[PDB]
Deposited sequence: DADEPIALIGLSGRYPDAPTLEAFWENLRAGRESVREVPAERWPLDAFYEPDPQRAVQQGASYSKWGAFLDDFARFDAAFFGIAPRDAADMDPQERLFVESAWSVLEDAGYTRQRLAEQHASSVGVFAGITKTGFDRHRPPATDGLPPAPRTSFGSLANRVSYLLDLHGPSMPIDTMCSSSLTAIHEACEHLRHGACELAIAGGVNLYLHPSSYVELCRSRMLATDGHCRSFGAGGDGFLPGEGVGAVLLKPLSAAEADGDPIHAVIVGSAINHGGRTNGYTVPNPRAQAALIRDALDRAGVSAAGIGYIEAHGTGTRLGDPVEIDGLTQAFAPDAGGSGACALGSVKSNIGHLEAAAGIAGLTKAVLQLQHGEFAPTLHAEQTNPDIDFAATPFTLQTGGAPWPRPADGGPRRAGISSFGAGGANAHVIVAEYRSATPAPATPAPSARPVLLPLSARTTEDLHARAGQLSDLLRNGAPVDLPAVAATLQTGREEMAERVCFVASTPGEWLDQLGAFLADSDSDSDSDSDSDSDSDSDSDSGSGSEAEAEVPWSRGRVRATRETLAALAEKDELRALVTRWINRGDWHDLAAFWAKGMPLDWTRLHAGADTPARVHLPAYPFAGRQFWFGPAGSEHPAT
């Protein structure tokens, strides 16, 4: 009852994790990124009140902790042609999500031009967000801080020239997972050919904590003891994440690089319960059952549940109640929650959970769940089809022979629920050539907006070659050529082996030379007109025929356009996204 949606682009920043590499390593190490509220956010002087009961009175907060995001206020405005003044006025949540949105494009190997020519720019944007408070800031001269849920999505669609549906998704705690679901639906029904979905969550004003405290939803100890004993409330967590989605059918045909596959998803509402924020286990069951059927998968086909897992006394047993009811017709299924690592990201909780699930699928490992040494007294997993993953362990292939599958749940405080089933992506791969692939010379073009960015890009690729990620030069070359935009500061390499390229990159970073360097400050139209000169056309044709790759490389580095299809199309691969290192835009505490 559903068509598979390929996940071809993935980006994210999380507490103590500027990259997904760091994020996975933290998860693998069972790291908790809890921290007292940074001085730059707001002073704890008239904010923190140790006693929970006295805190609700006089409008304070009994929580001083939180998992915060580094460089939350940092934004490369110049990159997006945004004036410093305007950037200062837009919510940091929106700034971070723009960079994230660019990053998923690069990760997937899509340029703005390729989106236009190949998909008519029909790319939808569904951006999860629920947190406000940036409005409350009143900075000195006139500055006008503003949060626009619409702008979050629409500005992305603007800057990237996307013509698909563009809207925020605010279902509170389940926003980003609702967004990921809606994106999939629009793709299954042809509303758009690609879709960016994600979420962002920042705590910019102390009033956020005060409000969360008034409802007694924050943990008094500052932890998310998901399904652990002494479950109080949750720990506020920050983060940005996005995915680029496309129907598996189209992705495989277009040779897109595929992280994983969303095989089924669902959303609903709990309806009338005893209270406005009282969860409905019956609804959660129907929710997950719905997703299961659309994926055409029995509950016994799920290897891991990334649970909502807020870490509250009555909340966690309800979630397991709903899970048991859903898995009842179809035990020991691995269960945990990223909340125990980085807290509650609310709007960004879904994308964070999904990201962890994908990383688990890809690495074939279970990340431990923290604060579960003593399981919540009101739950015994022995009577459930589930088993709390307190420790790290390998994720073996199912006995079926099928794919690994994970279920991710996200439950909104207002009763809006979401569930996404994600499967490992497997495909027939031919045996490797022995003892190595063919050593043919390829052009490896590299560009960035500034020299500092250029060196950062090269640094990223050096780390890529060294950190054991599967690398075949021609695929990397093709992605650099057709999956990256041509920018002003350029360097182009010619190499036949990764070893040779790594040697070159090392030399370049430390600085005749084994590369062509160039600065191209010219319109595409001007450079095109030059390239159309007959003798210049003749030069390129000659160089290609005689295999003068270093001349072609020099030509490109100086600004000349090359028809890359003439130089051989291998499938594209995931290469490091733009190393944003923008300015800081923050009013202050």
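Residue ranges with no C-alpha coordinates, please: along the deposited sequence, counted from 1, in order.
Missing from the model are residues 1, 143 to 146, 336 to 339, 521 to 549, 607 to 610, 632 to 639.
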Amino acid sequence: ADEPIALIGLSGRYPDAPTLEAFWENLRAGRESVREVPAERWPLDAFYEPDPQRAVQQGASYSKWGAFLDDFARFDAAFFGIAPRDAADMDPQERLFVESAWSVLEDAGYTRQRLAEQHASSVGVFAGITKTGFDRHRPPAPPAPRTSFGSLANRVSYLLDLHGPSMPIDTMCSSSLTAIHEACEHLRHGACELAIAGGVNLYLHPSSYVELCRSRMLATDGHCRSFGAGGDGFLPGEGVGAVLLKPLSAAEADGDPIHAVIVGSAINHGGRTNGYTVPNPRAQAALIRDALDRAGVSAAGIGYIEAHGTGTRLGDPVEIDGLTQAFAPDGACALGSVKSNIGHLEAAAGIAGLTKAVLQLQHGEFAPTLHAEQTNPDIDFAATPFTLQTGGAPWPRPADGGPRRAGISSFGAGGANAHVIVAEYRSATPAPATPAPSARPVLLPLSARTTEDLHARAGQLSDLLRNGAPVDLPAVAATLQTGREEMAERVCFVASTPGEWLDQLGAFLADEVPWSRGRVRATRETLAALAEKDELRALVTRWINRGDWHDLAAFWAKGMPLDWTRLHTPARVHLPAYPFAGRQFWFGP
From here on, numbers count along this sequence of modelled residues.
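Quick check: 170 to 178 versus 103 to 111, which has the larger average CA B-factor in the record?
Result: 170 to 178.
Test of understanding: from the entry's C-alpha B-factors, which stretch has the higher mean, 353 to 361 or 515 to 523?
Per the deposited B-factors, the answer is 353 to 361.
Kindly indicate the residue among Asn201, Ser337, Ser438, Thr479 with the greatest C-alpha B-factor in the PDB record.
Top of the list by C-alpha B-factor: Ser438.
For the CA B factor values reported in this entry, which option in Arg216, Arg405, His419, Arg74 has the top one?
Among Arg216, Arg405, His419, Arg74, the PDB entry lists the largest C-alpha B-factor for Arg216.
With respect to C-alpha B-factor, does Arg449 fall in the lowest, middle or highest third of the chain as deposited?
Within its chain, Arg449 is a lowest-third residue by C-alpha B-factor, going by the deposited values.
Split the chain's modelled residues into thirds by Cα B-factor; is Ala328 in the lowest, middle or highest one?
Ranked within chain, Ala328 CA B lands in the highest tercile.
Check where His259 lands among this chain's C-alpha B-factors and tell me if it's the lowest, middle or highest third.
Lowest third - that is where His259 ends up once the chain's C-alpha B-factors are sorted.
Give the position of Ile8 by CA B-factor within its chain, expressed as the lowest, middle or highest third.
According to the entry, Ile8 has a C-alpha B-factor in the chain's lowest third.
Looking at the C-alpha B-factor of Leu567, is it in the lowest, middle or highest third of its chain?
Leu567: CA B-factor falls in the highest third of its chain.
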